[PDB]
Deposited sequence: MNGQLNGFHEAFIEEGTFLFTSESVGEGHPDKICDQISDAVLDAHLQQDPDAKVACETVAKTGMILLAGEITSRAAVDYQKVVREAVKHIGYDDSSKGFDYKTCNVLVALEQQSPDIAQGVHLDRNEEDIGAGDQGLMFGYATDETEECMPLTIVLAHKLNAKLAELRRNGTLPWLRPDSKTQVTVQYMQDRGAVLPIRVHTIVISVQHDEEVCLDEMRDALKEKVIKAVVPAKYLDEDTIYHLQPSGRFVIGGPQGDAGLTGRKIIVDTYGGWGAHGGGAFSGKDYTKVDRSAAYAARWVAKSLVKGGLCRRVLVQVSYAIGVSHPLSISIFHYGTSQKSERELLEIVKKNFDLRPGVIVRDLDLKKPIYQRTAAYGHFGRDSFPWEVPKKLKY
């Protein structure tokens, strides 16, 4: 049993831009961007609920800006792709209900106390687990094929799940292959199952997963239910921050529990999560580790981190005491300085709402810092 004594399976899932939870996350980030464009100091905590023909915004937004919530929500939904009743949703005729408590208004304190985890594994060039990377890439490929007209029977909603067979390597993980792949994408009433499954197997899966991972034993659950036509908000309710694991690492590492979308820099469960990801990516890309996890706990009012811990999974020459000292030397994790270090006042947050907050190049927390130790 040499094969299975150092081998395991790990699953991770992702959801496309049409998934109602992701509709809500993207709309929340759209509102946050709309406010940040005019008032970079806006204090925004927005929560979105998507149901059959209904978008509900609720939360606290104290800012000097004047935002057209109808326009923002409808433009976000249109960009998602829902523009007809035949698809189960229509930005033109959807209902937007605004319940925001807008009110006229470094060592800033934290927004609330929270656990926040960052994690970096060098098994991919993006320093992220392979399972979530593949799931996000599959959803992105489905969206790309739907939007350019290659497969007109696709619809915005979709859920993907990749099970990857891994082998341990002195504290790190190396992906051997792809044991299973599940795809469930909303479609129209015209196309038949055979065509859909053939297209998903050939045009989508084989154009994303390198052939060195797919072999003849791979298991394919393509449209396992057999009919996915009623989808989007019609087929399920959605809320902001209900897909937190899909956002960060798809199971790997850990999660403090705080949602990301809809929150500005002062809400520490977003800015500090970004800072912990920055620390972990810096340690991994700085050569110190090969797989690192950083836990940071902040308290409300109190500015400085209330607790910090590191776990390198035994992949470093430095006991995580030394790594923690390095993190203190190089990284100032107060929210007031995290803002300046990561430019968290820019309207660059909707880009993070779909296909994961991490592993994408264009984000300041994805640029490792030069560590001096």
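Several segments of the deposited sequence have no coordinates for C-alpha: 1-10, 116-127, numbered from the first residue.
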